[PDB]
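To start, the structure under review is shown below, and the notes come after it.
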Amino acid sequence: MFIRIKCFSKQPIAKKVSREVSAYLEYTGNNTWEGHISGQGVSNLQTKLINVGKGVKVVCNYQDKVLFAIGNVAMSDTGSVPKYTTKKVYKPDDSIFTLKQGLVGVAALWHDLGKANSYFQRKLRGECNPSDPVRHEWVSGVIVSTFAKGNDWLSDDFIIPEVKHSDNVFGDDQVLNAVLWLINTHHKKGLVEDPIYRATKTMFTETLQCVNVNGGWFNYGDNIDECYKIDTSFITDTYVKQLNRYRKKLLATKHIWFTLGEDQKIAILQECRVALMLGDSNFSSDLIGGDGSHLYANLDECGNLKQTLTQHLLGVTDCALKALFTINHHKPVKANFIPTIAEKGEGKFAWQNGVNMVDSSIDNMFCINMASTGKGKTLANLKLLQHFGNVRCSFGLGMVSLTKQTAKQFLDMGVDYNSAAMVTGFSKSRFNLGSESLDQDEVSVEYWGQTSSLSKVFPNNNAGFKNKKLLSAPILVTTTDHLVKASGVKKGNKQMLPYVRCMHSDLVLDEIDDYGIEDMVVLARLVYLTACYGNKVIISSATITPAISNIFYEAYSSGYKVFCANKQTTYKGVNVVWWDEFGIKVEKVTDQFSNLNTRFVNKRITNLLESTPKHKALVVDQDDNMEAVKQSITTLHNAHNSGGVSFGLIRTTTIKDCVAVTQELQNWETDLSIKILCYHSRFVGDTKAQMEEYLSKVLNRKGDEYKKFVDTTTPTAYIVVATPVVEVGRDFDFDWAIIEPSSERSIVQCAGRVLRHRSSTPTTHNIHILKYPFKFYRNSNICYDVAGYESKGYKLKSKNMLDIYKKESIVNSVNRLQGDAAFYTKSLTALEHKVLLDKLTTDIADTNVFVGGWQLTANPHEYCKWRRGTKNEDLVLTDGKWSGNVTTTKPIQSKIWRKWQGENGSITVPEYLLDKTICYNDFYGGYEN
Amino acid sequence: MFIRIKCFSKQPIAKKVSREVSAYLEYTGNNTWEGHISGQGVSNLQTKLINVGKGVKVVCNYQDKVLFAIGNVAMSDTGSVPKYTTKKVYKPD
Amino acid sequence: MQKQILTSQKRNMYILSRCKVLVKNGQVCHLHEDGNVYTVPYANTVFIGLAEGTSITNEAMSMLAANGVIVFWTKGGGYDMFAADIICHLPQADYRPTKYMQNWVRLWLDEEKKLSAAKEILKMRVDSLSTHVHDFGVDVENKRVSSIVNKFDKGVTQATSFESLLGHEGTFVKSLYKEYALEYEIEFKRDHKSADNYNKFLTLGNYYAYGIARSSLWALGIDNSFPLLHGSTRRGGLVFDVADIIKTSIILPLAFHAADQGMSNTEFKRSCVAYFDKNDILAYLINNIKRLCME
Amino acid sequence: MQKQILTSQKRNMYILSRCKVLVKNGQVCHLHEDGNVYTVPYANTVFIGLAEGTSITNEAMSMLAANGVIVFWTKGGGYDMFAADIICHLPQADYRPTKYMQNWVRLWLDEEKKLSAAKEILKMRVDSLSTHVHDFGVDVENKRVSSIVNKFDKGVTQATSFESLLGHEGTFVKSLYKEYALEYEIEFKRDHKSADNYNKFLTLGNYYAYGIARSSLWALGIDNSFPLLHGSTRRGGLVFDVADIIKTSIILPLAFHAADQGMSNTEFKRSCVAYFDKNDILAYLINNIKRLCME
Amino acid sequence: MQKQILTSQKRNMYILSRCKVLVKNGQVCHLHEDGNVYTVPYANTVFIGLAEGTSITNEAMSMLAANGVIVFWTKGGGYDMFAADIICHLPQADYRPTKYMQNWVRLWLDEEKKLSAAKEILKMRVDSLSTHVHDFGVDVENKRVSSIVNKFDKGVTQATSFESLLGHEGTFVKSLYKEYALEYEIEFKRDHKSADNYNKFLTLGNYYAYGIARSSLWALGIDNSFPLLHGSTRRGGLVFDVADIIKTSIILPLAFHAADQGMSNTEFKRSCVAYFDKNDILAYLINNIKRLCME
DNA sequence: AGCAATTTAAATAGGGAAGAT
DNA sequence: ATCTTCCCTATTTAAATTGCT
Ligand SMILES: [Mn+2]
Ligand SMILES: [Mn+2]
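Going down the list, the sequences are from chains A, B, C, D and E.
Here the working numbering is used: the first sequence runs in plain steps of one and ends on residue 930.
Here the working numbering is used: the second sequence runs in plain steps of one and ends on residue 797.
Here the working numbering is used: the third sequence runs in plain steps of one and ends on residue 310.
Here the working numbering is used: the fourth sequence runs in plain steps of one and ends on residue 310.
Here the working numbering is used: the fifth sequence runs in plain steps of one and ends on residue 310.
Okay, structure coming up:
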């Protein structure tokens, strides 16, 4: 590897970086180094070139592509190394940036006018309840609305009038309404409980007129008259001139505001709100010290009076203005040019040369990567990102362990920690034992990286470790919940960090089908927000349903419409890149996405069908599923075994179902040597982690290394009874599976856990589908709702899987890929597709995906909750002693193959099952006994 | 013929030679030019680099051997381009 | 004022994209829309090109023209199949050598002489293939390429009309483009309005070969307005004969290799510089028009 | 602290001549008498030889040894005829991995295991020949080299002692010296004291392969006092035993090509860096000596 | 400055600081800081050391190595050496490992001499305790310390395996730690990660002990990959095993005195090297390794 | 619009002195 | 001695402005 490093630096920051860059490369003179070094040498040079201080101006070239660029060095657009760069390059009708500046400046000088009431003064001094009857943002909004109703609010002297209690402060003037919504929602968004309003309201002001004081601001309301008697000590020199210059800025630019569309207004006001909380939290974090008394805004850690309200308003204004400037004029730090990506894929990765069919100069890209598992999907996503140049992306993945797997792939192929940042925000205690030096695994949290210039506008220089890893990451391999808060939050400033993260970075969401329906709705909201700033969305899901692919394209198309009309460019359409392991297709799609997507789906189906059938599923006829499991285990051991040894996966639905199947199979008298494992999610930290590592090392069938992790000498049935934790994110390979039916994507995923690593075709049948789910004996009205898309609004007419599924069927992604809306009441696949198009629809609703008008409100974050689960309290095992109503028990010790013990950790119990003892056990975790 | 010209001149003469050496070679940054030129191209570059005045500090490398060295530039004895140049090197009998 | 650098040994080669081209402090440079000023070596530049969002000034154009740098503008194509119109500023203030234009005129006006020159220039692409052999892509001396160029030479030998030359031209272009497609295992259709990298690399090489051809013609004073091959499909001037002498020998395998390896456009620019410089394709074209003119 | 680069993955190697090596602002740099201070990439350096007229401070050795750079001097016993003591300081402050010493000395003490290991390292000569081919010199697959490699293998298979081994070395090296010389049309007698380029380039490559071999030894912890070849003219230890794996495959073809193609000492030195990093010869010798000790 | 260290019997390990070593009038001298030159007699020295502020030249290096004066580079103090070559039987006449080295290897190989040498290294560690009596430290003749000594002597003499010797060695070492903690009125528990004065002072004193044991192992040519107590996978375990002899006899009382009076690190370094120079601790380790390896 | 003259100023290089090891 | 830190020391680059064509 031959590199060349050039320095642009002034100071002796052309000198103390010269020591480190002259420790690793030869000096060719004139502050230019050039030579041969290894990739780990590149990583070491990066780590000790960035850590040496601020102001390092370093460009590296590997062959002729730029390896890395330290700082905001413009470096190369076409040629490299410019001459002098001075000022005044373009200076356009910027319009919408002047609009955002005027809105943020006018609102930020009015965002805390409502702290001047006597209640907030005695709240800061501390002789009343610290919770206000009406929040000060609403009081400042009442001030601004009363001033606007009285005088002309855009060109007049200010003077705060006598204000009363107003239920609504939103009128008709679109720009005033924007300023009012920025003022009122500078801490939290208003929440609308009204069902008719949630049913009908769509527009900007027409929804904003329904935002009343009862949506969170009106806490208790007994001291309203003191909350609206206000002093007017803000009339000073610099506050009045700042208010005048920003109001006239808005006055001069609001003529382009009425030429915007609804989508524009929503996205622009979201940006304005994010910059306003950025400036407000930035000025509230630091201590300024000086004060002019008689009025105060915030308190220090000692509770003393600080940050008087005139200079508080001025500081929040300038900090929000500077926030806006750096978030709207940033050339963000991108990743290194990974040299182990750009070469050809060989063999089964040979489809990854589809990036040589995509244009490298497209400003936008919507990848739908429909490639099957085991083909290197995430490597192909990184290849697609690097085809357009240097990489800046957020790999948002479900589960901690899947982020760990993608991080380990990124580490061992070409990516160091100067470009990658693995973020899992829980600090799990799963450590690697055996040998620390001989590990060559366990990707960790260090991020030598490079701190971006956006950290100076965040509160108190961003944060410590976690938010520095969030914001400053070129490549952010993260759990997805660090990105879905970009679309907005209930309370606080947790929106700004993923918002500013997704503003300048691409978004790569892998296996989006494993998320929930509301989770997929907020993920497509994130896709729309990412496309709002021209970034590229890579979706990587093999079993995509047309509905999902369509609504994600429509979210990207609305976002790219926002980005196109935001830079005053005519919208040519979205560069959609359909991708699988058989080919690629790049089309400029502005309309008719459905026929092209279904034609690619049909081409992928015909490229999947002439291949040999790997998963032949038979739906059993035996009604009782206990003895159906027995007979199917006996049949698939007598048919599918490797010299007497067979691996079976009993995929069931819930935990007590799993322990019921386990306790039946343990007490089942047979000549077969059944060896039973329980693989559900309710387990203690230690025990769970141990199951994972063992299962990953015994079900690895790409080699014969497993022969030494199990007793393959004696003919044995190694059976793993598992819940849907096996069908998501597990690289497992079973000889056969017996599936309790809950949803068709569960069938396709548990087919993907059988012969995942081998290529031998089954002869007779490798999957035995149960006749009924076990909830049929508990609830015959609805049985597929647990881990399925059946529900109270979408009920199957019959629950028989002979009626709702094929008796003999080759299970692949084809049934999920096709998409059928008719006959959803008597087939599982059409039931699935129905729900997917009836929840992820092209409407705005309130919990929908095109959400417009409601982004202003708190409604999409309350009624569409990301990871909406049950109450979930956590019973914690502390050194062998349980906390709550747990009561350790003893398992049946009949056929347990492996049982790992646990002493620490915690189990997640729903509040429903907290009533009784969860009865934790070493073999199977939680049950009802 | 592929050459590389490095310049370590001071004063505005450094800028005046940059016009001529940027008329014939591409700019690789940090007062270093590098590119393909012809035989007589090198000559025209020599003729209008020397005639431009006194104080021109130009080293040219063809492949790895030094093509030319304008001035009394020490340039290369083994490696090329020094750093902390200074006085009192040898001082013998 | 010295020998002013002869055109065949000029080496630098650019197509400038999204930058206003100006002069700072003596030298011609281009300034992009981020503040970056990159200098143009105008004394050694063969041609510059101007893509979308480019803007050159007067004295910059003067310093290119008086030094003898042919300047064109890449956009202008508006049809569905053809690279329609490329606008090209000739440095005519340098008074050109004359008798090569007289020889080109005496072969252009005589119809049987134009046909004879049409013949030799059609086999000139055949010998271009034989001389300029790349290290990658196809091998020229395989059975399929030799069979098709043998059928092409046999058909162009017995040709007697320019429409027969246009038909045989079409079969030659279809034969090569598709054989390269087969080698690189892709499906190929030549559309100038396509997002596929094998196509816009071919249009970038169309612009590169256009610039090379006007520098070769202007070095001998030959105008583009004397097309020895003409037709309804083939209406671009003499640049659409001296530019596509070197498609299937130089550009099209280089475009397919660049679209197969799949980095950005700048490696393709630099690869065109490297192959036009190493094998002296400009001097090769000039010397071929030299042995055309005096025969 | 970091991984601090694996010593097989260091690519820079130097032999400095007529300079004062020192530390100036934490930089390993050699200063000549003309006032020129050239830095050295000490965290990427494999070795720094020091020729006549050289000098080095303490701190330069301190931060070369902390970065794992082997420093030797080309005088003393560096006349290369006796090859007794080329003064070669190693960084033993770093506590090296031990297991290669253990397997190496288990086979050393056992004389039959030493004889077998010597045969493996003698076969590594022809292995090096086959792996590292050169396109500017002797083809390895011609009849003379294949015949002499077959004769060398059939002689070293039936070998009984180290005196028999010493003789097979005479044959291989001397006749490969000669075979190159007859193909390079030069009457050549190997002489370390000779002035012709065919010998000064050979001694420079001897020092370069000395540095590569000694860095490969020290990497594994292997010293030099445990050689596999014992003889009257084989004074010098294990570093020459590792180094003469890559005379006739690398050092000798590069030296012969250099002399024939009139390279200067500087470019021969560089040609040596290019071959030692393009084929990754340091990792080759390190992995192959792991194959040698192993059990 | 100029510093003399007796090592075996008659040869002296010269340590040179703040001086420039070169050749004047045909023999090796060095200019010192005061501008006064000092020569060196070749007969009385074999080891010559280059401390901080010291540069040597090439012909001085060559003439020093041709006179049997083998040079090493060390951190200032003379007992923190980072660069040297390997002792042979003779520096010019032949290249053989030293008798001490070979004896060590043979003793290490056969399991019985390895066990006997492990017992012996602990016998001489108890001897070291008594031999090097300090003033500020605890009395070695005290009843508790003598009971610990006799417990260690019984445990080493009655043991037949290495892990028993490791448990007994840890018991003795931390029992002396406990005794010195009982002296200096502190709760002392040995951990490397603590930032208190006693633990970090003992850590850097242990690093000084590792340096002087490394010099003593190098000076008889003993390699750093044959530990007696520590495992085969422990990198540089023989340095730790030899430094164990003086860790609890010299480093521990000096470190506890240094943390008791609380002075800084450089003056603890000068106290450690003053104790090394005054009582000839390196010469004690040299004679210790001779008596171990000779048996 | 490019440039030139010409100021203005920020920074780069170097030498001497003193303090560390 | 070697090397580092810092203070002169002024020498040396980059920007800035502005008539002039
Ligand atoms: Mn507030
Ligand atoms: Mn505030």
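Beta carbons: idealized from backbone N, C-alpha and C, even for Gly.
A:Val356 has its CB no nearer than 8 Å to any heavy atom of ligand 2. Cβ neighbours of A:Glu588 within its own chain (closer than 7 Å, five residues either side excluded): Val577, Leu597.
Around the beta-carbon of D:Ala75, 16 or more other beta-carbon atoms lie within 10 Å, marking it buried. In the DSSP annotation of this structure, the continuous segment of the alpha helix (DSSP H) that includes E:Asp292 starts and ends at 280 to 294. By the CB criterion at 9 Å, D:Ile301 and D:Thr22 fall inside the cutoff. At a cut-off of 9 Å between beta carbons, C:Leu269 makes no contact with chain A.
Out of A:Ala15, A:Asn767, A:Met204, the CA that lies nearest to the CA of A:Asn32 is found in A:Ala15. At a beta-carbon threshold of 7 Å, the residues of chain D lying near E:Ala81 are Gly91, ordered along the chain. Annotation: Cβ neighbours of E:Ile101 in chain D (cutoff 7 Å, chain order): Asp238, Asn239, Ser240.
Taking 9 Å as the cut-off, the beta carbon of A:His112 is found no closer than this to the beta carbon of A:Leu177. Boundaries of the beta strand (DSSP E) around A:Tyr63: 59 to 63. In this model, A:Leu527 and D:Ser145 are separated by some 58 Å (Cα to Cα). With contacts defined as CB atoms closer than 9 Å, D:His147 and D:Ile304 fail to qualify as a contacting pair.
For D:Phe87, the enclosing beta strand (DSSP E) stretches over residues 85 to 91.
DSSP, reduced to helix, strand and coil, places A:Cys659 within a helical segment of the structure shown. Residues are counted here when their Cβ sits less than 7 Å from a Cβ of chain A; for the region 25 to 46 of chain D these are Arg26, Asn27, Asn40, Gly41, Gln42, given in chain order. With fewer than 16 neighbouring CB atoms inside 10 Å of its own CB, D:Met96 falls in the exposed class. Residue pairing by DSSP puts B:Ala773 in a beta bridge opposite B:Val763.
E:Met96 is bridged by DSSP to E:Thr89. The beta carbon of B:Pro716 does not come within 9 Å of any beta carbon belonging to chain A, so the residue lies off that interface.
Residues of chain B with a Cβ closer than 8 Å to the Cβ of D:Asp211 do not exist, since the nearest Cβ in that chain sits about 21 Å away.
One finds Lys710, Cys711, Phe712, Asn734, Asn735, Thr736, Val785 in chain B with Cβ atoms closer than 8 Å to the Cβ of A:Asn31, taken in chain order. Bounds of any alpha helix (DSSP H) do not take in A:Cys129, whose DSSP letter is neither H nor E. Beta-bridge analysis with DSSP links A:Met423 to A:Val478.
E:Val257 is outside the set of residues whose beta carbon lies under 9 Å from a beta carbon in chain D. Pairing C:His272 with C:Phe151 gives a Cβ-Cβ distance under 9 Å.
Within the DSSP bridge table, the entry for D:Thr72 names E:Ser70 as partners.
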